[PDB]
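Next up: just one chain, as structure tokens, the form deposited in one PDB entry.
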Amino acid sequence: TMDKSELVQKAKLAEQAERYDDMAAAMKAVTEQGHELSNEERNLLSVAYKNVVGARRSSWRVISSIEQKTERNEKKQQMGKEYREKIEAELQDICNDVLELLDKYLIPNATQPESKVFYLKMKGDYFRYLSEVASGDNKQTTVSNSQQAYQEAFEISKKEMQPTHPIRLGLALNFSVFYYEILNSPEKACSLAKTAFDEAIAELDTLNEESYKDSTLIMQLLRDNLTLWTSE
């Protein structure tokens, strides 16, 4: 039963030591005390799970790729399948953990739009990661929950934050990638990405020093996707 200061300091030590499971466990405990997280605490939570889930996603695609290679030995095929499944179950546990934190503590206790959008975007991301390894029927539910979360985030971000805000831009980035990669709709992905990019560059006066680099980084990622998707 550590207090937040100690758990955050542990999270930061774990991050420097590249021990992200520890970092996630720390920030999960912080989150479970049921209080609104600071920007720093929220970033630490986000980075921890980004790394914890990202490692499985990378692993999952490495194994899925190896499964496509010609293989005549049945035991090796089974090992590939069972190892993929092992990773999927880990991925499912991680996402379920994240989505529970969001549903039980983070989203309902959020009193400021910035956080609400951040957490809803997160809900969208983690339901998307679930959907990538989902079995069918659960596949449609997860894809649909992802879309609903992004959509809710998006509507709030348009009312409550500047078009150049990193969270709003990041949401447009991920939501547009969702449309292209998960929903297989270039038309929806391009509409959203173009809208968010155009809205940003129409309001360069909303940029600020503190987030200038994050803003312009994500704006360029949006432009890059648009160019790629328009080339098809």
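Basically, rigid core = biggest C-alpha set you can superpose within 1.5 Å across the two forms. Sequential numbering from 1, following the sequence displayed.
The following text describes the form deposited with a partner chain bound, which does not appear among the structures shown.
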Would you check, heavy atoms only and a 4.5 Å threshold, whether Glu181 touches the partner chain in the deposited bound form?
yes
Find out whether any non-hydrogen atom of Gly54 is located within 4.5 angstroms of the partner chain in the deposited bound form, and reply yes or no.
yes
Tell me, yes or no, whether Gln33 is in contact with the partner chain in the deposited bound form, where a contact means a heavy atom of each within 4.5 Å.
no
Are any of the heavy atoms in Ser191 no more than 4.5 Å from a heavy atom of the partner chain in the deposited bound form?
no
Candidate spot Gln92, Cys95 and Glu152, all three touching the partner chain in the deposited bound form (heavy atom, 4.5 Å):
no
Rigid core superposed: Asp21 CA moves 2 Å or more between the shown form and the other one:
no
Flag for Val8, CA shift 2 Å or larger between the shown form and the other one after aligning core
no
